[PDB]
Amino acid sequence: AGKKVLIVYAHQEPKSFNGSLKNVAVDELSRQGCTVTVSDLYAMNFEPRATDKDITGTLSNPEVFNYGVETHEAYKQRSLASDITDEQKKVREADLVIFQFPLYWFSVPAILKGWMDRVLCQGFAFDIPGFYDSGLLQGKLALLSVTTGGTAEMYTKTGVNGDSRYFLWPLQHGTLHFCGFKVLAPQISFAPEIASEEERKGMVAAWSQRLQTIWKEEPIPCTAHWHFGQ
């Protein structure tokens, strides 16, 4: 063993279904003997905005502000804001990063989008070269554990929302694969708010049970075909 996990958790309410999925993950991975860390973004009041406050000391170009260039240079020069570098250390140490969130507008809640925007800077998460298969977080696993308002049936190719895989593309491919993660199959807990107690319990147990064997999983082929093909 000796496996290290970071859970990046984005829900306001400890008693929520998301909260329970997060807690079951902590419980089960802790039981296994894994090293576990949680970034509870709302509790941390995590800053989502990409601004010039993310660089400490003198800017590379104080007259014209380019977030990408400034953060790349700040990473190289150990001059990023401590909230960012605190998260980078957690990611650097992790073998697996689990994202636990409710689907907001076919994507992550803004607080979690901000974590992605600000934490995954050039030089840390990807570079030229070093992206997609050679992304700098290569060797690590990532997994999206998402809850939805809509039902499984709505998230079908011919359903009103389209296939759930369609909304996964920017997250799994554009973000996680880009940074070199192997992407484990998403955990999608459909429509807990209208599910029965029994069904909800089932979904939480599926997740806990899945976690028992998470280290034996094969990553998905994070391709356009997987997301969009038949």
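In this text, residue numbers run from 1 along the sequence as written. The term rigid core refers to the most C-alpha atoms you can superpose between the two forms while keeping them within 1.5 Å.
After superposition on the rigid core, the larger root-mean-square Cα deviation in 9 other deposited structures of this protein belongs to 128 to 136, not to the other of 128 to 136 and 145 to 153. Using the rigid core as the fitting frame, the root mean square C-alpha deviation in 9 other deposited structures of this protein is greater for 58 to 66 than for the other of 30 to 38 and 58 to 66. Looking at 136 to 144 and 103 to 111 together, the entry lists the larger mean B-factor for 136 to 144, computed on C-alpha atoms.
For the pair 23 to 31 and 51 to 59, the mean B factor over Cα atoms is greater in 51 to 59. Annotation for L171, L41, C179, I194: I194 ranks highest, by Cα B-factor.
Ranked by Cα temperature factor within the chain, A205 sits in the highest third according to the deposited record. For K157, the recorded CA temperature factor ranks within the highest third of the chain's modelled residues.
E87: CA B factor in the lowest third of modelled residues in this chain (values from the PDB entry). Annotation for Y9: CA B-factor lies in the lowest third of the chain's modelled residues. Ranked against the other modelled residues of its chain, the C-alpha B-factor of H72 as given in the entry falls in the middle third.
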